[PDB]
């Protein structure tokens, strides 16, 4: 089964194995037990070159795992600015909501990724999107006392 091998090369950042596996029929949109695809895992571990390759060979930029996490949610959470941009350029849904009601904007705001926050706003991120507890990225800013984030959100 080349799917499991493609998931591990994608997580491990092995560019060479990724290309070889795809050349032998490996399912680019394979999933692990939680529903994470090679793209979800390359986006999580910061493997930009693998993210780009998967996107040129059929990867679903908006795939969701069992928890509604998209690759953009994970790139936004972990803080990979470059991957966030590549995903937005390939049609990633900036306003995708996961099982906790979080959008990527929420996750970038909580983790303090201010540059990613600016990027997501510039691409249409909904500032009124509320999580499961009714909080927007702006409320997170007020509640945490993050003046830097508040200022960025006020534009």
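Positions refer to the first chain, counted from 1.
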Chain-wide C-alpha B factor ranking for residue 32, given as lowest, middle or highest third: highest
Mind checking which third residue 121 falls in for C-alpha B-factor across the chain? middle
Sorting the chain's modelled residues by C-alpha B-factor, tell me whether residue 90 ends up in the lowest, middle or highest third. highest
Considering only modelled residues of the same chain, in which third does the CA B-factor of residue 107 rank: lowest, middle or highest? lowest
CA B-factor placement of residue 39, once the chain's modelled residues are sorted into thirds: lowest
